[PDB]
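Because the Cβ atoms are built from the backbone with ideal geometry, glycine has one as well, and the counts that use them run over all protein chains shown. Each reported figure results from applying straightforward, stated rules to the coordinates on display, with no laboratory input.
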Amino acid sequence: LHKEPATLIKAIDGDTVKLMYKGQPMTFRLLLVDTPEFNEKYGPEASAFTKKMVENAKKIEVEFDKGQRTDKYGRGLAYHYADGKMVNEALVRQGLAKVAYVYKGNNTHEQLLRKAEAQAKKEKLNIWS
Ligand SMILES: Cc1cn([C@H]2C[C@H](OP(=O)(O)O)[C@@H](COP(=O)(O)O)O2)c(=O)[nH]c1=O
Ligand SMILES: [Ca+2]
């Protein structure tokens, strides 16, 4: 896998963000996670977490996995990095997302994320409280 550049257009919620990628606007859905919807418990906290992380970043990068790069809704599917830190992992580490939507061939970072979820669960963080 490799990182590619992108720029923030807009934070949307905990697990979706609008980015300019190869010069085109695209909504991205973060791989291998599920944040609560804004209207659910921890939804606002997930959205705010992702928003800060991507808005504060000097450099956003996306990393596609080895399978499908767009979902059925036309959303990009990627791992996202804010000054080199993975947003997808950071959400799970904080108990603001669950590992989810683990599909064959787009699962390169599954066990990394599961390890973060286990530490979040141990700490009874947010969703795991
Ligand atoms: C994360 C992810 C979601 N999706 C689709 C599956 C779900 O379909 P359904 O809408 O039919 O439930 C939906 C979940 O996204 P959200 O959690 O953003 O709703 O997005 C993928 O197809 N691939 C993925 O890698
Ligand atoms: Ca969601």
>> Just the residues that are among the hydrophobic types (A, V, I, L, M, F, W, C) and without any contact (Cβ under 8 Å) to a residue 60 or more places away in the chain, please, taken from region 7-18.
In response: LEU8, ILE9, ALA11, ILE12
> Is region 84-92 home to any residue that is charged (D, E, K, R), more than 26 Å from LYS121 (Cβ to Cβ) and free of Cβ contacts under 8 Å to residues at least 60 places away in the same chain?
Replying inline: no
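Could you please let me know if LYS58 is more than 12 Å from ligand 2 (Cβ to nearest atom), touching an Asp or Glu at 6+ places or on another chain (Cβ under 7 Å) and not in a strand (DSSP E or B)?
yes
Mind listing whichever residues of region 94-126 are within 16 Å of ligand 2 (Cβ to nearest atom), under 19 Å from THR50 (Cβ atoms) and not in a helix (DSSP H, G or I)?
Listed by number, the residues that qualify are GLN94, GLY95, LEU96, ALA97, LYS98, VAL99, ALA100, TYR101.
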>> Which pairs turn up if I take residues in region 45-63 that are touching a residue at least 24 places away in the same chain (Cβ under 8 Å) and under 20 Å from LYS22 (Cβ atoms) and look for partners that are part of a helix (DSSP H, G or I) and of a type in the set (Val, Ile, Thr) with beta carbon separation below 7 Å, at least 6 apart in sequence or on another chain?
In response: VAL54/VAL87; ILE60/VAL54
